[PDB]
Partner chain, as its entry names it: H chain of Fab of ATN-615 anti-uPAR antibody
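Only one chain is shown below, in structure tokens, and it's the form deposited without the partner chain.
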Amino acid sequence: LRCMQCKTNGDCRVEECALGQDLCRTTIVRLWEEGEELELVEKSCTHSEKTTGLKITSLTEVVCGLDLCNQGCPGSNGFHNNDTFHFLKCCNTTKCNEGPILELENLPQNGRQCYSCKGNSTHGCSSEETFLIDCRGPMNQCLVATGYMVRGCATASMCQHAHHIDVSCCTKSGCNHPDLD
């Protein structure tokens, strides 16, 4: 028996089916969501045989203001600083949250304010380069991490272990002031 074996962007063949493959199949998968319509059609040989993972998505964003400066589980946790933003979402595929992740500049701010800095203790996260920022979105705790030092806004999910490479979190505005670590 010979069937059309054709994927989109795969090998499209006239195929001699294997012994025990007594059927030709054509399948049409259609998908409708907001601002997307997709139709795939595959053909192949098949046989009547009688007889769950997790998804992880991550956004990382860096902003800058100078000229041409951009050149070169079931839970979510993010950290968003004032220069860089990192969010990580993880779901069980049976019941998954496909809601999008918004970049830093689109998150509404939450009212929290935290100090922000990056780099080594003495330079980069001195209290000369450390400045207060408004937190945005779900990152409503103030975070310090050291292992080098980073400060910013964080979600509670990112504060709960706090282990090496250690993190400290606190729930009140300004609480990550540099000589309070």
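Under this definition, the rigid core comprises the largest set of C-alpha atoms superposing within 1.5 Å between the forms. Residue numbers count along the first chain shown, from 1.
Where coordinates are absent for parts of the deposited sequence, a chain break appears; between neighbours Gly119 and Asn120 there is no such break.
Judged by mean Cα B factor in the deposited record, 153 to 161 ranks above the other of 18 to 26 and 153 to 161. Note on 137 to 145 vs 123 to 131: mean CA B-factor is higher in 123 to 131. Ranking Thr84, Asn106, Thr93, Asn77 by the C-alpha B-factor listed in the PDB entry places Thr93 at the top.
By the numbers in the PDB entry, the CA B factor is greatest at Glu34 among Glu39, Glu61, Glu34, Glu42. When all modelled residues of the chain are sorted by CA temperature factor, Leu180 is found within the highest third. When the CA B factors of the chain's modelled residues are split into thirds, the value for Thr57 lands in the lowest one. In this PDB entry, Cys73 carries a Cα temperature factor that places it within the highest third of its chain's modelled residues.
There is another form of this protein, the form deposited with the partner chain bound, and it is not shown here; the text below is about that form.
The partner chain is not drawn, but in the bound PDB entry it has no heavy atom within 4.5 Å of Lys118.
Although the partner is absent here, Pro138 sits close enough that one of its heavy atoms falls within 4.5 Å of the partner chain in the bound PDB entry. With a 4.5 Å cutoff on heavy atoms, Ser173 counts as touching the partner chain in the bound PDB entry. The partner chain in the bound PDB entry comes within 4.5 Å of no heavy atom belonging to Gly75. Residues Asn106, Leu107, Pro108, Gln109, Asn110, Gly111, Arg112 are the members of 87 to 115 with a non-hydrogen atom no more than 4.5 angstroms from the partner chain in the bound PDB entry.
Taking 2 Å as the criterion, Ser44 counts as shifted between this form and the one not shown: its C-alpha moves by at least this amount when the rigid core is aligned.
The Cα shift for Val62 between this form and the one not shown, taken after rigid core superposition, is 2 angstroms or larger.
After superposing the rigid core, the C-alpha of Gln109 moves by less than 2 Å between this form and the one not shown. Distance between the C-alpha atoms of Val62 and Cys91: shorter by at least 3 Å in the bound PDB entry than in the displayed form.
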